[PDB]
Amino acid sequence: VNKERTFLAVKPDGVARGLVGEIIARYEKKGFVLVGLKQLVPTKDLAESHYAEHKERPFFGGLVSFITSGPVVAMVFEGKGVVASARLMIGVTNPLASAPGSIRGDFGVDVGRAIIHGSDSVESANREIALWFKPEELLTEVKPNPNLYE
């Protein structure tokens, strides 16, 4: 029952830097199956729900203004431990402190331009998924590479 899922989002800086394919491929190479994928310009109301936990933090206004200043490519990968692994692959919050080899470690320098958002726990994935995805935009079931699993 390795149908764990996560919500990852390439943000407007990651989008404008011509980084969408590099990020998807890191995950496809790992073994994760893409069950949902679309591009959209986030609305103020999704931007604020999405990042609800930072409503009072200073940078909030600055963050919300950004995630809606342009196209974001939202996606949800599935696979065993996909949530903690995807987080590991992204790096940490400050891109300057991310180990070389992680998405932020190889491409970011400013927390303000973090390139990609990755859900931090199953509970939040679920919240963020239902939030960005109508039920029909998600694939129900299919086969991942049979060499990944037992």
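Just count from 1 along the sequence shown to find any residue number.
For the segment pair 119-127 and 91-99, the entry gives 119-127 the higher mean B-factor, averaged over Cα atoms. Legend: mean Cα B-factor per stretch from the PDB entry, 41-49 versus 110-118; the higher mean is in 41-49. Annotation for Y27: CA B-factor lies in the lowest third of the chain's modelled residues. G62: CA B factor in the highest third of modelled residues in this chain (values from the PDB entry). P12: CA B factor in the lowest third of modelled residues in this chain (values from the PDB entry).
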